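Enquirer: Structure, please.
(chains A, B, C, D, E, F and G)
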Amino acid sequence: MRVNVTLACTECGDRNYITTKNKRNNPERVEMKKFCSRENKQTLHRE
Amino acid sequence: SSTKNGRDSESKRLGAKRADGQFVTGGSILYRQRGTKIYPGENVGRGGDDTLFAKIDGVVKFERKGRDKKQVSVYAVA
RNA sequence: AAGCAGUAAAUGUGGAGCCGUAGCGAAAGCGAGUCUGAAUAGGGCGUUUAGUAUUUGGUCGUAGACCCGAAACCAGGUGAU
RNA sequence: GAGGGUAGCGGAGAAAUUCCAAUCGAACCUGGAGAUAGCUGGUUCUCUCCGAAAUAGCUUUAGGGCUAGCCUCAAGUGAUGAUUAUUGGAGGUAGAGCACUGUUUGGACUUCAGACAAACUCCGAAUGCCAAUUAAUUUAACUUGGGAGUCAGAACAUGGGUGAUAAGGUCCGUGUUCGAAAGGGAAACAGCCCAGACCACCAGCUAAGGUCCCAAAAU
RNA sequence: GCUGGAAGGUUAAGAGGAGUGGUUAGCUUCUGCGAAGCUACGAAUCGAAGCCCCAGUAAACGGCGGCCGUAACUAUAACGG
RNA sequence: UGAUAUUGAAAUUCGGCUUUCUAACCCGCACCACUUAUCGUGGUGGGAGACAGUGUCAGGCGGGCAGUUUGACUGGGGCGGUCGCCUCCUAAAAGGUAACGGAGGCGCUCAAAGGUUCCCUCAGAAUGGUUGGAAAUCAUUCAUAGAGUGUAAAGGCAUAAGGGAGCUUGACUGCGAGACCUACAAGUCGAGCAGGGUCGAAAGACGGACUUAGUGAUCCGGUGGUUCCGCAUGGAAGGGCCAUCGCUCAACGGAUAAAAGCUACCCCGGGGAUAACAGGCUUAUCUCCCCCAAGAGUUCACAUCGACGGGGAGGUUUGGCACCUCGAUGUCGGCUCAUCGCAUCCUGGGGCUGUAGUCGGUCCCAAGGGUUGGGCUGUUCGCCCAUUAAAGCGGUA
RNA sequence: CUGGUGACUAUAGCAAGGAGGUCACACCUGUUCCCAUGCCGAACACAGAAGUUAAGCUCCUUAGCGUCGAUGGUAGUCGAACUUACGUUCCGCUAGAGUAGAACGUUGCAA
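Expert: Residues are numbered from 1 along each chain as shown, chains lettered A, B, ... in the order given. Take a look:
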């Protein structure tokens, strides 16, 4: 099923995003490399 | 006795927005369309919905693109 | 303005109070500039910066609000000639 | 027959919504009270200038309302308004055609002849529309404030859907008139043809339509 | 619907107070602890009837069906699927 | 129905279940007195007893009773159907354009089906082969799209927007000249500037998907962050700002957190803006009249009958529309036999005949007069009995 | 005048007949190296003795298909009048036929 999640910055100041995901194909939390607003650089975003 | 029809969507006001031989501002819309019935020429770009818009101040001309095709361009005449 | 003095007057006196002379921001706040924003970078609202008191006319609001007209509801009484 | 009892959020009823002072699916009187009424009816003196709408959107909305469109008054800008001539352009209707998608007739043996189409197109008008900073004629247009009414429209011609190529039928597009328009013609006859009444005259020329008599003018 | 029953489940007020937060007498990181009071919440546990359940009752409310073959009944089915 | 106050004294059992007792409380129980009264009060005997009755708090049942709701469109209303969004046609070559007009979809999916850089060209046909359609993989020739493009349709796409590989996460942050659309609220496109980046040798491209559908104001409530405020001061409760979550509010600009029926017992305010009777327009339906002539008719189309097809008249039927009438135009059958039309039932005059005569059939002229009584049924209509020269069809609200 | 790179609606196209080569173009051998295959030096990328007009590319003819295309007439239609299907006046298709048509032209290395 389709569900929405939030990506939070890892080990740094939190800069949140929102997206969607298919739970069957991706049972685990997704990880991406997004820009952090209050750190001024790309960091790792979990969940 | 009843009807299965009756439905329609709101009309989208497509077509030409500026006339040949007219002076337009920096980012004026020139033509709304679905797909590519007219191609962008000199100093003219495509939007995400195929909208053609100008990128300078100048006079707009509709042109011909080989055979069965046509394009529109803007020329910076003062 | 209330009050006080005056013929139930006119107008004396009375400066609590009100509008204007400066805006922007949710607020702390800053100020001809302020908010957003890392950054007048761009953008929004301001820098016009002449008002104020009484009154004729038009319209609006609160009071029945241009006039006449119900079927009904509630409260207290009068009736078994 | 006389004297008494049961009172309205009640009483009585061998039962009919029947009776409780000529009234009862809930008695009468006085108060809240000038209840509420998106609904009918009515609204009192005179001249001058201008002069509509019966549409769109949304609506517990459909004979109601709000914003926009159309009218009027005051101030401001001022050529930005209208018609025609010239040039340029976007857009596939009428017609036509079978190259695509479907339909179809007769001969051959994939091809030659012949036809049909709102949701077919190898093609393609007349008109209408957007512009120029290009000429001649004309008189509007835009902005800010005060006050509105309108949201039931009708007929004629024409382009279409619906119906039955029926309706003084119904629903859209485009012009005119009535609405809010008197006068002449069509016998009479809001919507058809001509033509827009400031006032007075026992003056002249015309339009539509007419000139044997009614009845003005050619037997 | 009514009557009787209690094996289990759900079930209020009222009792109970495991823990948590606010404040500050004292410490030192030099913006982390923190006893006593007062104060905002409190969970496990106990808690009736009812309901979910078991049985009876129809002169209680109510209900009392279809397709398909077959002669010692020619048409029809006594009888059977 | 349970807890608690009135409510007390003793004693068994895992402060409580459970048992006795009397003083609270109760008796429309007996006797005495006030008192000629047994309403009341007092006294004395019995009965019951910390129960019952009464106060406060809590759970359950409760049309017995009360206040309200029960949508709109609609060729009258009711029943049926539809309500928000997307694509094509009607739509009259700019845009816009209605009808319970003609056709279909949506309330999602994708972690690569996104970004970037390189490379490639489809469908269909014949030929020869383990022969399942030579079309299940194979190699040729022909082939400008008839192939594919997540999903409906339209418009585009072979520069490919189509197919395959390598790297990657721009499906980023703050914004934004200008413009389309438009009553408002909303919706759509957007060059460029700054901060981070990915791919590419570089110029460059990248703010999701070839485009257009996949969505819901405000109030209130939850979860994170924060240069904010915090009612004598310092904190904290509680607010503000930023991010985000919860509605088939689908009658989809959403009345409230919460809502169905009958009225022939009915009432008031309006409307011919809207139906039932009659008038008016039309003639699908109805009733009559013709055109053609394959045929039937012992031969022979037309004495008589007239298949398949075609053209009219009337306004007596059932309907269509909704133009007058809702401050009222009384609706079926009967009594009455008045008045009119001719498409003539009898009488009067004729042509043809498959007319021997007596009867007939069909067509033309003709409206002067005439055109019965009963049984059944409220009936119109219809069946029947007995007659007659004949027992005609229609109009007149 | 052979080659490189741009602009023009096939009047540039397709098809058939003919001429030619080591300046240039092109076919050709090979996989040691940078590179590569669902497998295959076919392709791509490289090292290059010689060898061929056979094939691509350019050259002359070709109206056999494709493309272009007048004139006259017709259909349709703006406007005007009569009336309901006919005049008058502008504009002007489609199809078909007469016809072009075997391309014209820019900047530079040489030749």
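Enquirer: What parts of chain B come near RNA strand D?
Expert: Contacts of chain B with RNA strand D, taken as CB under 7 Å from any atom of the strand, map to B:15-16, B:18-23, B:37-38, B:62, B:68, B:70. (C-beta placed from N, C-alpha, C; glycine too.)
Enquirer: Next step: the residues you listed restricted to strands.
Expert: Using DSSP state E, the subset of the residues of chain B next to RNA strand D located in strands is B:15, B:16, B:23, B:62, B:70.
Enquirer: from what I can see residue B:77 touches residue B:59, true?
Expert: Yes - under the criterion of CB atoms under 8 Å, residue B:77 makes contact with residue B:59 at 5.2 Å.
Enquirer: The two: which has the busier surroundings?
Expert: residue B:59 (15 against 8; other CB atoms under 10 Å in any protein chain shown).
Enquirer: Got the phi and psi for that one?
Expert: Dihedral angles of residue B:59 (phi, psi; degrees, to the nearest 10) stand at phi -100, psi 140.
Enquirer: Now that it has come up, it's in contact with residue B:78, right?
Expert: No - using CB under 8 Å as the test, residue B:59 is too far from residue B:78 to be in contact (9.0 Å).
Enquirer: Leaving out sequence neighbours, find the closest residue to residue A:43.
Expert: Using CB to CB, 6 or more residues apart in numbering or on different chains and skipping the chain neighbours, the partner closest in space to residue A:43 is residue A:36 (4.7 Å).
Enquirer: What's the local residue count around that neighbour?
Expert: 17.
Enquirer: cool, and the one 10 residues further on?
Expert: Summarising burial for residue A:46: neighbours were counted as other CB under 10 Å, giving 12.
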